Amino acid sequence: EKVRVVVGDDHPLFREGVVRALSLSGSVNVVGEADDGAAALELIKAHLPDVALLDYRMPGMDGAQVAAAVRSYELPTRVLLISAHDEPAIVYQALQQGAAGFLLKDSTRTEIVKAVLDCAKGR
């Protein structure tokens, strides 16, 4: 039933905010949280979540590097990136590295839930 998610961000209050939005939706089980990219990748390997929602600029290994690695490993997880940067070549390159989508940090509570749920379903 609930869509299973890993959330990754090195800003605690943004991460907490996302985790609460997802958890309070009633439709999402946050199975792991990370504050750096290598840890996010390891949680993805262990939990095999439906969706990973990851900051583009995670330390150690950025969101697109993790997306690339997940696709390279052929894991079932869809990696949705979120960022305060929205430059065309950055979004494009991330999608080229296998990111399922690219969201902005100005997203609302219902927008992020819907993005995660739509991603788990399809796109």
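Position 1 is the first residue in the sequence shown; the rest follow in order.
Asks: Averaged over C-alpha atoms, is the B-factor higher for 80-88 or for 41-49 in this PDB entry?
Replies: 80-88 has the higher mean C-alpha B-factor.
Asks: C-alpha B factor of residue 120, ranked within the chain: lowest, middle or highest third?
Replies: Its C-alpha B-factor belongs to the highest third of this chain's values.
Asks: Place residue 95 in the lowest, middle or highest third of its chain's C-alpha B-factors, as listed in the PDB entry.
Replies: Tercile = middle for this residue's CA B-factor.
Asks: Select lowest, middle or highest to describe the third in which the CA B-factor of residue 66 falls within its chain in this entry.
Replies: Residue 66: CA B-factor falls in the lowest third of its chain.
Asks: How does residue 22 rank on Cα B-factor within its chain, lowest, middle or highest third?
Replies: For residue 22, the deposited C-alpha B-factor lands in the lowest third.
Asks: Relative to the other modelled residues in the chain, which third contains the C-alpha temperature factor of residue 34: lowest, middle or highest?
Replies: Its C-alpha B-factor belongs to the middle third of this chain's values.
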